[PDB]
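A quick write-up on the structure given underneath.
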Amino acid sequence: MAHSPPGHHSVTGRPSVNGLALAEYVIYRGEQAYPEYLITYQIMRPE
Amino acid sequence: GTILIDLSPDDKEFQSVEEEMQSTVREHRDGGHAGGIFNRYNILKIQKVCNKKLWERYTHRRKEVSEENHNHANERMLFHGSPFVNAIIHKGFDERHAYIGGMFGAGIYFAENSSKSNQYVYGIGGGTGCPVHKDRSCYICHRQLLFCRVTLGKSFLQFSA
Ligand SMILES: O=c1cc(-c2cccc(O)c2)oc2cc(O)ccc12
Ligand SMILES: [Zn+2]
């Protein structure tokens, strides 16, 4: 498991081409996330 | 010591979480290859994950990052989808849950788009799809995502193509 950019705690990937894609984030310590909700779901076939 | 508490769909907490899930769906450049063809979900259940050990571990680290960054933990709620969600809720995030091949390094990935995390529920690039039908667009089998509280701190800004 890799390391944070020196002096930072995480990385943000901001898509620059698809202007509708929201951000993605990477952390490098498991202690920096807490899994609060468990969502069970199906995808729905479009009409 | 994880216990899971079902939220009732009348609960304002349930609706809020469902809204953050349904409103952050988008179209994907792969035409649905990895995650399926869809515009919305049928939410079957939402459960609050309570684990004390894990929570104290989260907030102790939160306080550290906070103090290293002008008392700003930079806390978000973000999506995470993988085949290992049952381990995560019992034992916590760790190196097993990292994406070695990832664009921004070998760490734990998270999405603002629920539909992006959905692409990883059955593995990298959808793997071989649902276990019962081998179908990446299966409309029958139950899928599972996490909505997680994440400490970002000072975050390195990396624009991506
Ligand atoms: O939720 C995700 C899970 C994972 C993932 C990938 C590999 C292994 C794994 O256990 C999770 O990758 C992502 C990548 C992204 O750019 C955005 C979200 C995810
Ligand atoms: Zn299936």
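We're sticking with Swiss-Prot numbering for chain B, so the shown stretch reads 952-1112, in order.
Per the header: X-ray crystallography, 2.3 Å.
Placed from the backbone N, Cα and C atoms, the Cβ positions cover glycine too.
Swiss-Prot has this to say about the protein:
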- B:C1081, B:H1084, B:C1089, B:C1092: Zn(2+) binding site (BINDING)
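Location within the structure of each feature annotated in Swiss-Prot.
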residue: B:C1081; record: Zn(2+) binding site; CB count, 10 Å: 20
residue: B:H1084; record: Zn(2+) binding site; CB count, 10 Å: 12
residue: B:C1089; record: Zn(2+) binding site; CB count, 10 Å: 18
residue: B:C1092; record: Zn(2+) binding site; CB count, 10 Å: 14
Output field, Zn(2+) shell: CB within 8 Å of site CB centroid, site B:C1081, B:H1084, B:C1089, B:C1092 dropped:
B:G1080, B:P1082, B:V1083, B:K1085, B:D1086, B:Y1090, B:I1091
